[PDB]
Structures are given as C-alpha cells and as structure tokens.
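Participant: no sequence for this one, just the structure:
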C-alpha cells in the first residue's frame, strides 16, 4: 500500500531544507513561495542521466515561468555539497553548469516520503513533478518511471490552464492552450461550448 | 494521509467491471490488456463539462494509439446505464455520441480507491491517467485537479518514450520525441550525448 | 451482520445533499421537512427499469400526499447531473419527463449506508422506502429486492393510518383504511372492537 | 447502530422453535419450508390489540397463499403455553379462536434479534414481516411501528410479483398486479414497455 | 460461570416494571416496599402447572404475611397482558382467578438476570424466591428446579425467624419456630442454650 | 457481581477433600455419592452457634434420609483437626459429640467459592444447602444469612418431591408432601388436577 | 513464581484482625506494636503437632522478650473460636492451656498471602517467623518446612543483635551474643575487630 | 511486590557459575550436590564486615557439616577474581585466608534474583541462607538484614532436625536437638508426646 | 534510546551494496571479507572536509593493512555516481583522486542504521569505524563527532593487538605496540608481567 | 538489538554513584564535571589483567589532562570496597597502588547499561571510553573487546582535537595533532587546506 501526504486540492505538504541557490547554500521552505505558483519537481540522482536534461530544460526556459508569476524548484536526495559539485561540473561532462533553479537537498528522505515519490528499494526518488498554486494548494501531480523525462511545454500549458481557470471560473477542455475555447460549468451554460 | 495501491514500477492494481463497448454492456478487466500498453484514465462524471472533451479527444485519435500497440479505457463512478445514456446523447448536448473507447463503470468506487483517485468528500474521482505497459506494470501517473483537462499529445509522447526505452535500454531526456537524441545510462557512455 | 442507523420509533438519521428540484440543483436537508410527514425512498439507478415507474407513480400522485401534509423525496447513488439528464429524457424512452418530486443525489453513499439500504457488491441501493412523521421520527420501513416495485396505494394507506393513530390514540387493525374500525389499546376498551 | 442478520438477497436467517400447530406443541424449523415461499411475520404480544386482527386476517385468507404455493407462520416472544391459551380464547374477547397458521414462540428472543425486530426497551418485537422464497432467500422486509397493522392484500401482491419475476425474469413496475404489464430489464427491450 | 447481582447481606438489586395489581397495570418498584419485609419470587411461565399453585398458595395466605408487616410480589418473563388474561382464567382451568398479589412482568429479562434466575436455554426463570428485609437487604435465597414447588409454610418460618433475630440479636437454631429457644451468639453466652 | 459454578439443572461442581467420618480422616469426593441423592450443606464455623444445632438436627434424623436413599454431608472452612476436636467436645459445651454425618474440611476455600457460598470479607461460608440427585445434577439451592438456620423437614420434603417427580414425570404443587396430588405437565392433562 | 509483600528493610505488611488475648476476642493491628520490636510468627493449624510446642516455648519465656521491649504474636488460618477452644483444651491433650501470647486469626488468608507464608495446596501456612523493629521495618525472616520447629534462643539472639546494632551503629558477627565483640563497619575501623 | 523462584517444598532453583575452590576457578552447579544436604548462603560483599566472620565461621566448622553428609557453598555478586584476592588477604586485615568452602560468583545477578535475595537499590544481596535436601528440595530459608550475622549452631540444628524427620517420619518440636523427644504426627499418636 | 545491531564480540551485521572499486560499480558484501580482518568505516558525506583526508589517509597507507591480512572499506550515504564523481575530482579540489579502497554506497540508509551510526536529523552518518576479525566477529567500535578525524596509526595498533591476542591468548596492556610486554590472563601467570 | 542512552552530540547520560577518591568513599556525579572535559571510562573487573595497566597509564599521565582542563574517572561493576582493596594492593601484584583518578562503583549496573557497555552474558563491562565536553555533551565513543587495551596518547589527541575545533570552528583532518593544519568547513575556504 502506497502512502503519501500529497493530495490534490489540499495544501501541498510543507517542506524545508538546504538548497543551492546561485552557488550558495540557503535555507528554503515551501511557504517562501506563497503568493506565486510553484513547479516543484524531484529527480533521482546528481551525476546521472535523464536528470541534468530536465534541470537544464526548465532552467533554460525559466523566464517563461517567471513571467507568469511561477517559480521552479528541483529536489533530489543528494546533499547540498553534491548539488554544488554537480553545478561546478561542465555541462559537457554531464554536469549542470551554472543554473538559476534552486536545487533542494532531501538527505533525510522526509520530503520525498511526504510527496510519495521515494523508492524504498533504491534510496532515491522517481521523476515526480508537482504544481502548487499561489495559495499553497496542490493542483497537479505527474509521476514518471525512471527512464522517461518530463515536458517543460506540458508543465507550462498546465500552469497556464490552472491560472486561467483560477481567474475566470470556467473549465479548460482537453488540450487547452491560451486562446482556446473554455466551458461554463453549468448544465445550461455548457451548451455555448458544445454547439 | 493518502492511500493507494498504484505504484510506479509495480504491477498496476487489478480491476474488473462492466464497461460499455460499442453500445453494449461487457465484462472488462485489466488483464484483458496484457501484451499491449494501456492508457487507463478516470474522469469525474458523465453529463458534466471537461469530461466529454477528453473522452472525445482520445476517441477521435484512437488509431494513433492502436497503431503503436496501445489501448485506451476511460472510467468514472457512474453506472453502465448512465454511460450508455450519455453515449446516446448527441455531442451538441454535451453528450458523447458513438465512441470507440470502452467506458468502465466503477459504481462501488473500489477501482477509484485502488488507483488513489477517489475524492471522499465529492463521491467521484479527479482527472487521473495511468500508463500501464504490456507486462501490466505501472509506468506513469498523471493527476489533474477538476478544472483542467489532460493532453492526448502528451500521453502519446509518453507512450512512445516508454516503448522506445523498453526496446533500446537507453533513457529518454526531457521533451523527447521520436527522432530525438537518447542517453546510454553509463557514466562513460553518457558522454556520447553530453558532447 | 447488517448495520443501519435507521430504527423504527427513533429519530430518522439526518441527511443532506444536492437534489434536483424544478430542474435546478438545491441543497436539501431532512430538517427541511419538520412539520410534515415524509415518504423518503431510495431507488437503485437512473436510466433503469422498475425505477422510473416508481418515481413516476409517486410524482403523478403527489397531491394525494400533499393534501394530507406529506411530502415525497426520492434518492439514488447517481449524481445530480445524471438526475437532471434523466428528467430531460422523455418517458417514452424510460426517462422521467419533468417531475415534481426532488431527486436527491447520494454519490458518496453516506445516506444509503446510514439508512441500511446500500448494496456493497453492486454499488447502489435496493428498493427501500421510509415513512418519517412530522416530529422526525421513523415510523415504517419497506425494503424490496430489485425486481419488484413498491405500491403508492400501500404507502398512502400507511401514511393515513399513522396520522389517524397519532391523532386519536386508537390502534389500526390489519388492512385498515380511512372509514374502518379502530381499536382502543386497553384490555377493557378493546372489547368494543372485538364484540 | 441497529444490527440484524436478515439481508435481502441472502439466505433468510435460520430459525427453530416450538410452535403451536393445530392445537399441539411441535418443533418447527425454517428449513421445513424449503420448496415453498414463506410469509414469516412477527407480532408484539398475545392478548393485545392489532396482533389478533393480523393473525385472523392472514388465517381467514390462508388458501389464497396456499394455492400459490405459499405458507404463513407468525411469531412473538410469548410462550407456546400463552399462544395456546390465546387460541382457546373466543375471537369476541380479542382471542384468536382456532387458526391454521403456526404460532411460533421466541421466548429466548434469539429469533427476533436475528431478524432485527426485537425492541430492547420493550422486550417484544415491532410488526415485522419477511417474504422468503422457495430457495430460502430473503426477498422483502416490511417493518411497522406498533400502532399500525399490515396488509394481507399487499403481502399477496408482493408474493405474486416475486413469483412472476422469478419465473419470467421480467421486472415488475410500481403497483403491478397479476395481468399488469411488466418490463424487460434491458436498455433496448425496455422500450416495448415504455413506448 | 454463573453470575447475578443478588448477594445475601447486601442491598437487593433494584427493580422496576409493570405489574398487574387489582386488575390494573401499575408501575411497581422495589423501593415501594421499604419499611416492610418482601417475599419476591419468580415463577417460570403463565398458563403452566406448578406455577398457579404457588401463586395461589401465597395469594390465599397473604394475611399471614401482611400481619407480620410483609408483602409478597410474584414475577415472570410474561407480559402484563398475559398476566391479566391468566388472572381472568378460572382456577378450574389452571387459571389464577382474581389475586391479591401483584404480578410483575419481566419481558426484557433484565430483572431475572439481575437476580440470577434467568435460564438462557429456555427463555424463562427457574423457581427463585428472595426474602428482603425492611431496610432493603437480601436475607435469603431459595432456588428450585422446575418440577417442584416451594412452601408457604417454610417461607413464613424464615420471615418470622429473620424478624425475631433482627429484634433480639440472638440467633435461630435449625427448625426454629416462634416460641422456640434461641442462642446468645457468644462463646460464653451460648452455654445457656447448650447446657 | 457474585460468581459461582453451581447452577440448577447442571452437574453440581466437583469437590474433594478430607472429611472426618466416624472419628477418622478420610478422602471424600462428590462422585462417591453418585447413584443416590445428596444433601450437601455448608455451615460457617466449628465451635459456634446455629452451626451445631443444624448438624445435630440432620445427624439425629439421618435414617429418615438413608431410608429414602439419600446421604448427608456437612462442610465448613475449618480444618479436619478442628472438625475432630469439635466432635470430641460434648454437646453441652456447644460441641458436636459423636455424629454420623461426614464433616468435610474446605481449608483452601475452593469448594465454598465453587458453590458461591464463601464470604470474602469474613473468610467463611454463609448457610447454604444443596440438593444433588443420583446423576450428580444440582436440583435445589437454599442460602440463609448467618442468623437463621435451616429445616430438616423442609429438606426432606424437597428430596421426597424431587424423587417422586423424577420417578413419575408429573410435577409437584406448592407444599406437596407424600400422599398429595401431583399435576400432569400438559395443557389437557393438567385439567385432571385443577378441575 | 512465589509472590509476597514482605521485604527486609521495608515496612512490614500491615495486618489487622481478631485475636484471642487472655481468653477474650480483641481487634489487633500491626501498628499496635509500634515503638517495640515484634516477633510475629505463623504456625500451620490449631489442634496439631509442632504448633503447640512452639507457642508454649515462646509463651513460657515471654518475660525474656518483654524485658527487652519485645512482644510476641502468633497467627494461623484458624478462626478465633477455634483459637479459644484450643486454649481451653489442656496441654496434655495437645491443647494450649492458658497462654499470654495473642493468637491472631487469619481466616480470610490475606495476612498469610501478604507475608508469603500461605500454602495454596494445603490451605494453611508453613512455619514462618518475622522480626519487625520499633519503626515497623521487617528485619528478619525465618521460614521452615512443616516438620521442623523454630528456636526461642535463636529468636532472642536475633532480636538482641538487631537492637544492639540499632543502638551502637556497629555490626554483629556470625554467632554474636550479648557480651561478644562487634565490628565498626568502616575499612579502617573494622581493623580493631580483625587484628 | 517481592518475587523469587525459591519455594519451601519445591526443587530449589537451579544455579551454575564459577566458584573459587581451593584457589582455582571451577564451574559449580546445584546438581553437583544431589545425594547430599546443601547449606547455600549469600553474603553481601567481599572485603566488608559481618561477611568474612560468617564465611570463616562455616569454613572453620565445615567438618560438623561433612560428617552429616552436608556441604556448604557461599555466594555473592563479586567476581571470582575478587573472591580469590579476598582469600589471599590475611584474616587480620578482614580477609578470608585459605578457605575450604567454595565461593560462588554471581556477577550477572541471575542467581540472587532466582533466590529472591537481590537488593535492587544496592546492587548486592542481603544475608540469605537456604537449606536444600539430598533430593534437591528447598527445606528452609533464613533471611537477615545487613547488620546481623547468622548462626552456624542454628544452621546445624536445622540440618540435623530435617535429617531426623526425613528418616523417622516424626516431627520436631520447638528447640529440638539430637536426643530430644519428637512427635508422631497423628491426633491419636500425638498423645504419647503431650501426656 | 539508541539502537544498533552492532555488538562487540558478536558477528558484525551483514551488509551488501554497490561500491566503486577501480572506478567501476561492483556488488560488494561483508562475506567477501571472510578470512581477513576488515576495517569498515563510515564517513558523513562526499565533497566535504574531514572526510577526504580520512579516506586518503587509509588509501595511501593501504599496504600497512594488506601486509597484515586486513582490508579497508569506506561507506557513506552518497550514491555510487557521487562516489565516482568524487574519485574523478583532483585532490587539490578536495576530491579523492584515484583510490584503492572500495567506496560503498548506503543510499537507503539500511547499512548505517544497522551499524548504529545514522544521524536521523542530518540524513548522513557520523564518523564510525568498525574492526571486524577474520571470523566475521566485531572487535572494536570507534565513533567520533563530525569535526574530528580518526587515526590510521591508532587503527593499525588495534588491528595488530587483536591479531597478536587472537594468536597467543595473552592480553594487551594500555598503549601496547608490537614488541611490547603482554599479560597472561591468569591470577598466577599475570605476576610475570606485574613484577 | 543493542540499546544505549549514550548518543554522540547529545548530553552524556547522567550518572551518580559511590567512588573511591584519595582513599575515601565519596558520592560522585557527572554534573560535578560541568565546565571541564571528562574522559569517562569503564573497565571490566578489579584484580584482573589489562584493567590495572589502563588505570595506571591514565593515572601516571594525569597532569597531561589536568593541564588542558580535562578530568578522568574510571568505573567498573565492582564495589567501592573491592576498589579500595585493589588500591591497597601493590602494583607488583597486579594491584593499583595509590591513584589520583576516582574509581566509581557501578554495582547495580545501571550506569553500564545507560552507557551501552554492559555485557549481559558476563556481568561486567567491555572496555568503553567516552569523551564528554565541558557542556556535558558526548563527543567520542571508543569500545574495545576485552583482550585489547586503550591508548592514553590517542585519548589525549582526541581531547585536544575537540578542544581546538570547539574554540576555532575549523575541523581536524585524519591524524591531526597540535600544530597540524586544519580545514575551514566551507566549499571555498576548504581549498586553502586542499591546495
């Protein structure tokens, strides 16, 4: 039986720990992001394979999140010292190079267990991404098995859709992008859309 | 504390029930899909709002899954009788019209609870999608809060990536599509990619 | 063992939920009925067979209840959206047509379990009818297996008898209808009836 | 919480006891009735008010049940000796007179408690009636608060309905009597009834 | 393991219920007897064999108790309506005829069980008699198997003996009757009797 | 709560111990008496007051028991050495003198506690007497508070009544003595006695 | 496992009961002896064998205890009435004759069990003796199996030794008697004695 | 609550450990003494005050035990290395000097606790002596508070008494020594002694 | 409370995991070391401060262990990928450089908890060293708080002493080094060392 | 499982006991050492082998600790009396001679068990040494199997290292001694040491 504190439409489970932020160690906590959307994602291990490509994909596109009031934080079970060393490893060596996303350390595994992403037999997490709104409420959960990375395009579309539906109180159909048709969640009002 | 039987890299929890399949009631079970990938997704309620758009999006693109050895099954807590009535409601009335995807009924809520998608306060599920491989192993889990639909494009990309990595035993970086570069999961072999 | 909170001669178990009333979604509560008798009945499932005939029979004869200060509420495990769709289905198609009885939705199954009528293996209720007096006290319980409908005539006879015996403190013999002999519940007084 | 062993669609709870049958004490068992429908009914107390009218009502119309392969048995918490005294009491004194219906004695209360009809505060049953099919399965439960008697007509209508639906596998609409239209419990076949 | 609340030397267990007293139903309580001795006895069943002989033997000799400030109450598991019908049955038919002793009803079995005289296999009491003093303390317990009646003479003897020893603080030898020698309960004082 | 193993109509609780029999110490067991009725009685303490008079009353009339195939055994918590001293003490000093009834010693209190006659606050028994049949079944229980002794006449009457009803299968009315009428325990048969 | 409340150097377990003192029954308590040493001893049974010789041995030499401010109390499970009978029995018949030591009665066994001397299989005590100081602290425990009696000389020697070491704070060597050398309980001080 | 395994009449608790025996470490066991009486005694601590006097008093008188087929073993919580250093300390310094009695070491405290002589607040034993017969049954227990030594004379007296009563099946009066009168344990036989 | 499975003089707790050996990932097990002494030490974290100096000190002095049949294994909670990256970091940068000691990865924390060295609040181990003999038995445990490194010289001294005492069965005094005096563990033999 | 209260980085477990200090018995408490470092060490047994050499080693070099504000205390399960005897034993006989180090006694074993050094099978401690800082915090634990002594030099090196790191907040590399290079525990500042 799988156990987690992470529930959609409930407050995201609180976390705090040491992150590497612009080459320095800093205390970071979930509530530092109140007032903004947060994309909080776990990756298995520093110095491995799919993991740097995802951090780099989000990092290189960070201004696309920051301009819609959204922050990104990545997390693995490695220490902050390992995070720093990986950052100071050239991208060509499978390193990260300099990076604008905080890398949070979950050495005690408590944060992983709370978000239900810890693999007990391996001692690290799978690829779990969490979208948390400006009120600290968990809106979306995406978990991938180890071999397959996530999509920045898809995360962006999700954040946009949650902020849109937050604002207008209509609902976003399958595949919705900005500029797409939405639905009034009324059995009479829905007919606008379905005609 | 959230509880489920659904664990990535473990066998997907077994299910069986009545589905509507080409306008008829039929017994359907998870293991009927052994040997093929399965996209198994839950939606909140027949005769509601985001729900028909997702069923229709997958349904209208079904041959794109069937040609990569992948089936799709949708599920809600409504009865098979309600599923049939919704199918026999014109798309213009927010109905489904004829549909090639089985609609599985989870009236006892046991299947929802097993997949960890049941909302105890509402009596139906959230938007939870599950990708299960040809061996019955759970590979990917996507859960959306009620207001925001899923993406057929993204589901397809995920299925493709899991089947690719199944076959070649390399790993798929962030945003991977067919034709994209992969990584040899070796600290020496990974350097091919990172150069 | 079978369990229920519904005990004859004790206050009927409190319920509240969404009902379709006049084609609109309203909160409805058991306490809205204080001051009136209430026939509160569960039926298995919208869009089925015996179920429409029973709802229609009570609806079409509503005045016979209302003119003796009695209201009627029907309940299934279906959603309020499925209720509304059934109401908008013509009677020729097994729909209800417009209806003057509230259709209460018990989607979480709380109400059905409190009344002891929920079938664990099927995920819906059997045919359970409850007669609740104006003080909120449960007077009568009628439970039928699935294939056999209830009787509006028998329900009305029971309501009238509970009303007559509430008022006069005589008791009602077998088959009593308005205009029939009653019995004074005393070893001396009973002799007036039996001679 | 209210507890009982009696569940519709399951074997009626087994019982055995002393009954008065044609003036004599005999051991009577629920399994004596295999092969026949059984109307099994409890009444509060010998030498009381509604109770003799219900026993007489069923008694005088017994062949109406016996000619549709149905037996009737009555039960109260009173002793076999009290039952026999009551039989030997003239109808004109609230007595029973001779009757063809067995009066089963439930002095220990185990039968009452098994059928969920025992009133802990009072030490006797309410008016509970049970229709049990020829396979020993419970089909119908009718519980009345003390002041209001049951109906022979209605019991007869229900027995006929269960027998018809057993034999023809159609279902019986609200109010159904012999010669009334039934419904084919299929979404297509139902339309013959509804149209 | 046999259990009861009735202990010699301790307050007799409280009881209350409905008795037939001069043809009427009245609430009777143990505390109604404070200030008087009470012979409180159980008998198995109304309309049986030994039982009317005992009730009639104490009833017909009631003045032998009242003139020594002693009341008599009889109790069985039968309803008060059965007690009244028994009273209205002529002695020649095994009835009681009018009786001056209250007949307490113990339909719920609570009083029988508190007095340790309830027979779980039969659903009624054995023949248990209890002598309770004016202060409410249980002094004497006599329990007989079903086939053998008790003795009014022996009961009188015991009451007279307890009243004598209460008043004079001497003790009553085997077979003591009024006018008989008693013993000063003292290793010195006793010699007055034995010498 | 008062606890005991002694229950009417159930085998009398097994006992064994050392008794004084014709001035000698002997191993005695309840089962030694199988095949005959036994009057087994407890008295509080050797060298006390009511206690010798009861033992003497039975001892002096022992041939009245023996000639109806009934034995008598007395028991207290005192040791067998105390029993012997008391027997060797002249009747005029509250001693027993020679005696033909066994005096059983219950020094460990096990026998007293099994028979429910032990007084935890005093460390000895009250005056309890038991009538056990030839099959070892307990038929009668008489418990007196300390100040009041038992009756040999009443005990003989009970033994005679049990033996008579054992033999003829009729039952014995209140105050029955040898030569009195008995009752056939049958609703028709009983009318022989009452008419 | 053997259980007791009596522990050396801890307050002796409180006791109270009825003793025979100069031929009279009197309430005695352990606390009556505060301010003086007490030799408290149990013997198996009145009217037995080693038991009288021990009581007589102490009784005859009681002034040797009294003159060192020490009292003696004896106890068995026998009743106070047995104690008195035994005292009133001449020494030449194994009786005690007059005696100046209280004979405490432990009829309920509580005192024996508290002192750990009670023999569950026999229902009396072994030969146990306790030396309790003026403060109520248990100082010495001597337990003999049944066949072998205690020693007044040895008991006097112990009481004298406890009182001496209580007064001078030195300690008493093996076999110390009044007038023998004692030891200063100090690594240097001890050398006075040993050298 | 005081606990121990040592009960008079039952096999003495098994023990085994390392003893110093003639200057050497040897494994010693209780069963090594079968066929002989054993005086087994505990003393608090090596290098203390009363303790060497007791060990020396039994050692120096060992032939008084061996010539009646009795061995002596002393035990404390001290290590065997401490026992040996104590032995190699001259008597004049509070040492033992060479000794013919084994000194058992109970470093783990298990033996002390089995014998109920361990003092939890001090971490050593009180002065507890145990007389065990040739069959291994515990016959006698003597426990002294710390400040007061035991008596070799008393110990000899008890051994001689137990051996005499074992052989002759008579019992030993208070103060018995060899050559003293014993008692035939019989209410008749006893008169030979008392008369 | 602190818990561990590592007990001196008991078999060292089994472990197995992935190690970096010769720059490659290998399964390694405690049982691979049977036949050799093993120094098994935990260090807090790769890429830190005291940790490289200790690993380097043992690595650079490996021959001193291997020439006396002793191997060395280091362990932290870091992944094998972080170990490999640290090994590929030059010593001038706080890396290890190539290394001839296996670096075991304890990512699940199982091994660290089994050895009692895991710090719950920090998510890594303290400085814990374990010396395990050739039979797999744990001989020595050294635990240091974080800021203070261990000593290769002290470890080597300990290994040599355990080897010398395994071989000769003499014992090693404080500060013993090869060539120093040893002690024969006997009270007589020890005198050769101490004179 | 092995349990202990001693955890590095937490307050050393509190202790108190009798110690021998400069030839005398004194109560000694762990809190007596607040304000100073404390080397607290356990040794198996007085009058044994390695144990005196370790105490002498620390004893003779005491001022080396006392001049760096550090105290030393030794402890074994032996009594204060045995400790004093051992002190009074010439060094040439494996005795201690005078020593300035307190010898604390742990007769009850509570201190040993609290520090996790007690050997349940043997009844004494292994060789466990604990370095406790001036704030009462545990910094270092060294446990040796019985055959191998500890090192004064190494203990001294550790005390100096903890004192240096306390005061300067740098960290001490493997092998560090006074005058050796330390490390600044920061990823940038570390490079001064490593380069």
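Facilitator: Great, that's in hand. Residues are numbered from 1 along each chain as shown, chains lettered A, B, ... in the order given.
Participant: quick one: the helices in chain A?
Facilitator: A:50-60, A:62-66, A:80-87, A:110-114, A:152-168, A:191-194 (DSSP state H).
Participant: the residue of chain A at minimum distance from chain E: what's it in contact with?
Facilitator: Across chain A, no residue is closer to chain E than residue A:1, which sits at 42.1 Å (C-beta to the nearest C-beta). C-beta coordinates here come from the backbone N, C-alpha and C atoms, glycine included. By C-beta atoms under 8 Å, 6 or more residues apart in numbering or on different chains, the residues touching residue A:1 are B:3-5.
Participant: also residue A:161?
Facilitator: A:172, A:176, B:147-149.
Participant: compare the contacts of residue A:1 and tell me which is most surrounded.
Facilitator: residue B:4 (20 neighbours; other C-beta atoms under 10 Å in any protein chain shown).
Participant: quick check: bridge partners of it?
Facilitator: residue A:2 (DSSP bridges).
Participant: if we can go back for a sec, farthest pair in the contacts of residue A:161?
Facilitator: The distance between the two most remote of the contacts of residue A:161 (C-beta to C-beta) is 10.1 Å, for A:176 and B:147.
Participant: wait, isn't residue A:37 in contact with residue A:132?
Facilitator: Yes: with contact defined as C-beta atoms under 8 Å, residue A:37 reaches residue A:132; the gap is 7.0 Å.
Participant: those two: which is more packed in?
Facilitator: residue A:132 (26 against 23).
Participant: for residue B:118, see how far away that one is.
Facilitator: 21 Å (C-beta to C-beta, to the nearest Å).
Participant: you'd agree residue A:70 is up against residue A:159?
Facilitator: Yes: proximity of residue A:70 to residue A:159 meets the contact threshold set by C-beta under 8 Å, at 5.3 Å.
Participant: which one is residue A:176 nearest to, not counting chain neighbours?
Facilitator: In this structure, residue A:176 finds its nearest non-sequential neighbour in residue A:161, 5.3 Å apart by C-beta to C-beta, 6 or more residues apart in numbering or on different chains.
Participant: quick one: the one you found from chain D, how far?
Facilitator: Residue A:161 sits 36 Å away from chain D, going by C-beta to the nearest C-beta, to the nearest Å.
Participant: then residue A:184?
Facilitator: Distance, residue A:184 to chain D, by C-beta to the nearest C-beta: 31 Å.
Participant: which of the contacts of residue A:161 lies closest to residue E:50?
Facilitator: residue B:147 (80.3 Å).
Participant: for that closest one, which non-adjacent residue is spatially closest?
Facilitator: residue A:165 (4.0 Å).
Participant: what number of residues lie near that neighbour?
Facilitator: Residue A:165 has 22 nearby residues by other C-beta under 10 Å.
Participant: and for the one 3 residues further on?
Facilitator: A count of neighbours around residue A:168, defined by other C-beta under 10 Å, yields 12.
Participant: can you check residue A:178 too?
Facilitator: 10.
Participant: distance of the residue lying closest to it once chain neighbours are set aside from residue A:131?
Facilitator: Excluding its sequence neighbours, the residue lying closest to residue A:178 (C-beta to C-beta, 6+ apart) is residue A:160, at 5.9 Å. As judged by C-beta to C-beta, residue A:160 and residue A:131 stand 11 Å apart.
Participant: for residue A:117, what are its contacts?
Facilitator: A:4, A:42, A:125-126, A:128, A:143.
Participant: my guess is residue A:128 contacts residue A:41, does it?
Facilitator: Yes: at 6.7 Å, residue A:128 counts as touching residue A:41 under the criterion of C-beta under 8 Å.
Participant: ok, residue A:179 to residue G:155 distance?
Facilitator: 109 Å.
Participant: more neighbours, those two?
Facilitator: Neighbour tally, residue A:179 and residue G:155, criterion other C-beta under 10 Å: the higher count belongs to residue G:155, 25 against 5.
Participant: identify the residue nearest the more buried one in space, chain neighbours excluded?
Facilitator: Nearest one to residue G:155, counting by C-beta to C-beta, 6+ apart, is residue G:39 at 5.8 Å.
Participant: need the contact list for that neighbour.
Facilitator: G:58, G:65, G:70-73, G:129-132, G:155, G:159.
Participant: among these, which two are most distant?
Facilitator: Between any two of the contacts of residue G:39 (C-beta to C-beta), the greatest distance is 15.2 Å, for G:58 and G:132.
Participant: next, count neighbours for the residue nearest to residue A:91 when sequence neighbours are not counted.
Facilitator: Nearest residue to residue A:91 in three dimensions, chain neighbours excluded: residue A:97, at 4.4 Å (C-beta to C-beta, 6+ apart). Neighbour count of residue A:97, defined by other C-beta under 10 Å: 15.
Participant: doesn't residue A:87 make contact with residue A:97?
Facilitator: Yes: taking C-beta under 8 Å as the definition, residue A:97 is a contact partner of residue A:87 at 7.0 Å.
Participant: roughly how far apart are the residue in chain A that chain C sits nearest to and residue A:194?
Facilitator: Residue nearest to chain C within chain A: residue A:187 (5.8 Å; C-beta to the nearest C-beta). Between residue A:187 and residue A:194 the computed distance is 11 Å (C-beta to C-beta).
Participant: more neighbours, these two?
Facilitator: Using other C-beta under 10 Å, the more surrounded residue of residue A:187 and residue A:194 is residue A:187, with 21 against 15.
Participant: now the more buried one: phi and psi?
Facilitator: Backbone torsions of residue A:187, given as degrees, to the nearest 10, read phi -60, psi -20.
Participant: got the contact list for it?
Facilitator: Residue A:187 touches B:47, B:94, C:81, C:84, counting by C-beta under 8 Å, 6+ apart.
Participant: what's around the third one, how many residues?
Facilitator: Counted by other C-beta under 10 Å, the residues lying close to residue C:81 total 26.
Participant: from memory it sits against residue B:45, does it?
Facilitator: Yes: under the criterion of C-beta under 8 Å, residue C:81 makes contact with residue B:45 at 5.6 Å.
Participant: many thanks, I have nothing further to ask.
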